[PDB]
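*Asks:* Starting off with a structure, shown below.
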Amino acid sequence: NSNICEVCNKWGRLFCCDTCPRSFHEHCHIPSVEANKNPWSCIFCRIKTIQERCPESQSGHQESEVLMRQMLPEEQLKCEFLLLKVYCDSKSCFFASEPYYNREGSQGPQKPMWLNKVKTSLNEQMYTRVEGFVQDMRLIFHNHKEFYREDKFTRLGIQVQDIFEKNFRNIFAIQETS
Ligand SMILES: [Zn+2]
Ligand SMILES: [Zn+2]
Ligand SMILES: [Zn+2]
């Protein structure tokens with residue numbers, strides 16, 4: 001197994017995957033690493049297993065179809081992985097915890113959103129469709145772009161949103177387009 005956390009890349013109290021070499025802090029893994037279970041498979045392993053069980057799940061899809069899907073256990077997992085992949089980027093640290101807004105010439109967003117809030121929402125099963133998860137994810141970056149305006153700090157929003165969108169297309173097998 002790896003000696004660092006796959007998500008944050010630090011050492012510490014790590015839990016090791018029994019089916020691949022990745023390791024996780026308890027709360028870096030989404031969902032949080034499970035109390036017992038021997039062996040234990042990580043979320044990278046569980047996502048691979050869905051794909052292997054239905055190779056046609058990697059033929060292309062329409063985003064509109066994807067969003068209307070109900071949050072049954074496989075869609076739930078896939079959003080928990082998408083979220084995980086965003087937290088793998090160190091720049092996710094700017095979007096993790098609840099923000100606040102006090103900048104001359106800007107008003108704060110009507111509906112603030114942050115990654116830990118999206119994490120809690122998933123955990124408490126508050127999304128019924130993929131749509132709900134993907135709207136909040138996108139809201140994070142949109143709020144950021146609107147608030148920081150012409151400041152160069154807006155670019156962090158663009159960057160982390162590009163990580164979200166590439167990963168969403170991949171995980172949900174969106175049909176490739178030019
Ligand atoms: Zn970690
Ligand atoms: Zn694994
Ligand atoms: Zn099949």
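Within each chain, counting starts at residue 1; across the structure tokens, chains are named A, B, ... in the order shown, with ligands numbered 1 upward in that order.
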Neighbours of ligand 1 within 6 Å, counting only C-alpha atoms and all ligand atoms, as an MDAnalysis selection string?
*Replies:* chainID A and resid 5 7:8 24:25 28
*Asks:* I need the residues in chain A that are alpha helix (DSSP H) according to DSSP; give them as a PyMOL selection string.
*Replies:* chain A and resi 43-53+63-68+73-87+115-123+130-148+154-171
*Asks:* What is the distance between atom 1 (Zn, counted along the ligand's line) of ligand 3 and CA of residue 29 (chain A), in Å to one decimal?
*Replies:* 27.8 Å
*Asks:* Please return as a list in words the residues found within 6 Å of ligand 2, counting only C-alpha atoms and all ligand atoms.
*Replies:* residues 17, 19, 20, 22, 41, 42, 44 and 45 of chain A
*Asks:* Restrict the selected residues to N, CA, C and O atoms and save them as a PDB file, in the first residue's frame.
*Replies:*
```pdb
ATOM      1  N   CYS A  17      -6.436   0.114   1.338  1.00  0.00           N
ATOM      2  CA  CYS A  17      -7.417  -0.616   0.523  1.00  0.00           C
ATOM      3  C   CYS A  17      -6.906  -2.058   0.478  1.00  0.00           C
ATOM      4  O   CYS A  17      -5.695  -2.281   0.371  1.00  0.00           O
ATOM      5  N   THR A  19      -7.933  -4.152  -1.891  1.00  0.00           N
ATOM      6  CA  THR A  19      -7.974  -4.555  -3.299  1.00  0.00           C
ATOM      7  C   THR A  19      -7.182  -3.691  -4.241  1.00  0.00           C
ATOM      8  O   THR A  19      -7.148  -3.981  -5.427  1.00  0.00           O
ATOM      9  N   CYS A  20      -6.594  -2.601  -3.756  1.00  0.00           N
ATOM     10  CA  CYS A  20      -5.617  -1.847  -4.564  1.00  0.00           C
ATOM     11  C   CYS A  20      -4.616  -1.240  -3.599  1.00  0.00           C
ATOM     12  O   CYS A  20      -4.832  -1.296  -2.395  1.00  0.00           O
ATOM     13  N   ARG A  22      -4.038   1.912  -2.825  1.00  0.00           N
ATOM     14  CA  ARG A  22      -4.322   3.247  -2.234  1.00  0.00           C
ATOM     15  C   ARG A  22      -4.588   3.193  -0.732  1.00  0.00           C
ATOM     16  O   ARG A  22      -5.009   2.166  -0.222  1.00  0.00           O
ATOM     17  N   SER A  41     -12.749  -2.445   0.437  1.00  0.00           N
ATOM     18  CA  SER A  41     -12.400  -1.859  -0.848  1.00  0.00           C
ATOM     19  C   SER A  41     -12.707  -0.360  -0.854  1.00  0.00           C
ATOM     20  O   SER A  41     -13.723   0.099  -0.359  1.00  0.00           O
ATOM     21  N   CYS A  42     -11.772   0.397  -1.396  1.00  0.00           N
ATOM     22  CA  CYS A  42     -11.938   1.840  -1.574  1.00  0.00           C
ATOM     23  C   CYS A  42     -12.839   2.139  -2.780  1.00  0.00           C
ATOM     24  O   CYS A  42     -13.125   1.268  -3.615  1.00  0.00           O
ATOM     25  N   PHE A  44     -12.323   3.946  -5.439  1.00  0.00           N
ATOM     26  CA  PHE A  44     -11.769   3.663  -6.731  1.00  0.00           C
ATOM     27  C   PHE A  44     -12.062   2.218  -7.139  1.00  0.00           C
ATOM     28  O   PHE A  44     -12.414   1.950  -8.301  1.00  0.00           O
ATOM     29  N   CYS A  45     -11.949   1.306  -6.190  1.00  0.00           N
ATOM     30  CA  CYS A  45     -12.239  -0.128  -6.465  1.00  0.00           C
ATOM     31  C   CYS A  45     -13.734  -0.396  -6.751  1.00  0.00           C
ATOM     32  O   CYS A  45     -14.088  -1.172  -7.648  1.00  0.00           O
TER      33      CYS A  45
END
```
*Asks:* Which residues are near region 149-161 of chain A? Cut-off 9 Å, only C-alpha atoms, ignore same chain within fewer than 3 positions. Put them as a list in words.
*Replies:*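 Contacts, in chain order: residues 86, 89, 91, 92, 94, 95, 106, 137, 138, 140, 141, 142, 143, 144, 145, 146, 164, 165 and 166 of chain A.
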*Asks:* Per residue of region 115-178 of chain A within 12 Å of region 61-79 of chain A, record the nearest atom pair and its distance in Å to one decimal, counting only C-alpha atoms, with rows in chain order and ascending residue number, as CSV.
*Replies:*
```
residue,atom,partner,partner_atom,distance
A:118,CA,A:79,CA,10.2
A:119,CA,A:79,CA,9.9
A:121,CA,A:76,CA,11.1
A:122,CA,A:76,CA,7.6
A:123,CA,A:76,CA,9.4
A:124,CA,A:76,CA,11.2
A:125,CA,A:76,CA,8.5
A:126,CA,A:71,CA,9.5
A:127,CA,A:71,CA,6.8
A:128,CA,A:71,CA,5.1
A:129,CA,A:70,CA,4.3
A:130,CA,A:67,CA,4.9
A:131,CA,A:67,CA,4.3
A:132,CA,A:67,CA,8.1
A:133,CA,A:79,CA,7.2
A:134,CA,A:67,CA,7.6
A:135,CA,A:67,CA,9.3
A:136,CA,A:79,CA,11.7
A:137,CA,A:79,CA,10.2
A:164,CA,A:79,CA,10.8
A:165,CA,A:63,CA,11.2
A:167,CA,A:79,CA,10.2
A:168,CA,A:79,CA,8.4
A:169,CA,A:63,CA,8.3
A:170,CA,A:78,CA,10.4
A:171,CA,A:78,CA,6.7
A:172,CA,A:66,CA,7.2
A:173,CA,A:61,CA,5.9
A:174,CA,A:61,CA,4.5
A:175,CA,A:61,CA,5.0
A:176,CA,A:61,CA,8.8
A:177,CA,A:62,CA,10.6
```
*Asks:* With C-alpha atoms retained, write the just-selected residues as a tab-separated table (two decimals), in the first residue's frame.
*Replies:*
```
chain	number	residue	atom	x	y	z
A	118	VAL	CA	-22.02	19.14	-0.55
A	119	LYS	CA	-20.22	16.31	1.40
A	121	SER	CA	-25.64	16.59	1.80
A	122	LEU	CA	-24.50	13.39	0.17
A	123	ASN	CA	-23.91	11.73	3.46
A	124	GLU	CA	-27.38	12.56	4.80
A	125	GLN	CA	-28.97	11.44	1.43
A	126	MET	CA	-30.44	14.84	0.68
A	127	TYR	CA	-30.11	14.58	-3.11
A	128	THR	CA	-32.85	12.56	-4.91
A	129	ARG	CA	-31.43	13.12	-8.46
A	130	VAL	CA	-27.90	13.61	-9.83
A	131	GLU	CA	-29.13	17.03	-10.90
A	132	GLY	CA	-29.16	18.20	-7.23
A	133	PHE	CA	-25.57	17.18	-6.58
A	134	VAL	CA	-24.32	18.65	-9.89
A	135	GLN	CA	-26.19	21.99	-9.39
A	136	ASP	CA	-24.58	22.59	-5.99
A	137	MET	CA	-21.16	21.59	-7.31
A	164	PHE	CA	-15.06	18.91	-11.79
A	165	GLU	CA	-16.32	18.88	-15.39
A	167	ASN	CA	-14.26	14.12	-13.98
A	168	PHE	CA	-18.06	14.33	-14.31
A	169	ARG	CA	-17.82	13.53	-18.10
A	170	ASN	CA	-15.52	10.58	-17.27
A	171	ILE	CA	-17.38	9.04	-14.37
A	172	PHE	CA	-20.79	9.39	-16.00
A	173	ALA	CA	-19.53	8.52	-19.51
A	174	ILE	CA	-20.82	11.61	-21.24
A	175	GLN	CA	-20.65	11.30	-25.03
A	176	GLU	CA	-17.53	12.97	-26.34
A	177	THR	CA	-18.08	16.07	-28.54
```
*Asks:* Give as a list in words the residues surrounding ligand 3 up to a distance of 7 Å, considering only C-alpha atoms and all ligand atoms.
*Replies:*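 Sorted by chain and then by number, the residues are residues 53, 54, 55 and 56 of chain A.
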*Asks:* Write out as a list in words which residues come within 12 Å of residue 120 (chain A) when counting only C-alpha atoms, dropping same-chain ones fewer than 5 positions away.
*Replies:*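 Within the cut-off, the hits are residues 27, 30, 31, 32, 80, 83, 96, 97, 113, 114, 115, 125, 126, 127 and 133 of chain A.
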*Asks:* At what distance in Å, to one decimal, does CA of residue 90 (chain A) lie from CA of residue 111 (chain A)?
*Replies:*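 About the pair CA of residue 111 (chain A) and CA of residue 90 (chain A): they are 24.2 Å apart.
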